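Take a look at this one chain, the form deposited in one PDB entry, written out in structure tokens.
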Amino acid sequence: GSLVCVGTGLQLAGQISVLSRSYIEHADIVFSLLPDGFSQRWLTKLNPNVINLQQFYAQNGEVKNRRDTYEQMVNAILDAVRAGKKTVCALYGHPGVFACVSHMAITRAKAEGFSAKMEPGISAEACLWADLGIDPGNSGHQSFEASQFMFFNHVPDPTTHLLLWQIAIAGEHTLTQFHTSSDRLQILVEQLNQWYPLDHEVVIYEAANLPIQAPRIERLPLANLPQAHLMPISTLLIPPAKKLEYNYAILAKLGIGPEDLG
């Protein structure tokens, strides 16, 4: 058996790479985690031998640690590879961007002596630069998982574009709930206030999954985040609080000044 993890992108049908589509087409079996029923239909027309990974998420109000969900997803994928199947894992966006299942499956497959590789895809971050017309290189880019930012010590560079991913679960420590609470997001606001004013304009971004759908680009002051409608697919963009300032220290070592820059 063998494993190839691919991404389907955010948009229905068209945002997959030509090669990645081919991998899905020719696979013995596909393990899927796609955004909606239109995407699921499109996959099943491409290759009818599909196991939906959606089933491993907590069902009907059960208490389930997402760590157990992901373990079950990885085990399901590996059971097909161990059986001898040419296996493809088809995750939405990029299969290895804020997604542990493909990395874990590939690590486990290599350790058990199976061919395993990941094919890059178009992530939600890739869609943001396009939709907002922002270049990550303009003043730099930082990405953190919102809950990791709250639980561990991270220091943002406020000259960058900062992305907080999974903002809808920010502070949800149990890994058993589908969303956080207004009081948790107020604590995040107060934490961000170290670098960003309360009136600092932030953007709730949602890339479209359908070709008839506009992206969500909601501009609001940071102070209003805890009252905002958030979904699991919501990303929080925090544009720069400060303009770029000259590094006179390093310019001095290079023997130049700002007037010398091309």
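For the two forms, the rigid core is made up of the largest set of C-alpha atoms that agree within 1.5 Å on superposition. So that there is no doubt, residue numbering starts at 1 and follows the sequence shown. Residues that one form lacks are left out of the comparison.
Comparing 102-110 with 180-188, the higher mean C-alpha B-factor in the PDB entry belongs to 180-188. In this entry, 241-249 shows the higher mean Cα temperature factor of the pair 7-15 and 241-249. Note on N193, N52, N209, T235: the highest value goes to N193, judged by CA B factor as recorded. You'll see in the entry that, of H173, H141, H154, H94, the Cα B factor peaks at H154. In this PDB entry, the Cα temperature factor of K85 sits in the top third of its chain's modelled residues, the highest group. Annotation for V30: C-alpha temperature factor in the lowest third relative to the rest of the modelled chain, per the entry. Per the deposited record, the Cα B-factor of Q59 falls in the highest third when ranked against the other modelled residues of its chain. Looking at the C-alpha B-factors along this chain, the one for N47 belongs to the middle third. The deposited CA B-factor of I217 belongs to the highest third of values across its chain.
Heads up, the form deposited in another entry isn't pictured, but that's what we're talking about next.
Among the residues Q148, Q186, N138, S115, the single one whose Cα moves by at least 2 Å between the shown form and the other one, once the core is superposed, is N138. Once you line up the core between the shown form and the other one, the Cα of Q177 ends up 2 Å or more from where it was. Compared with the form shown, the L230-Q177 C-alpha separation increases in the other entry, the change being 3 Å or greater. Compared with the form shown here, the Cα atoms of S234 and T176 sit 3 Å or more farther apart in the other entry. Moving regions between the shown form and the other one, defined as 3+ consecutive residues each with a CA shift of at least 2 Å after core superposition, lie at 137-139, 174-180, 257-260.
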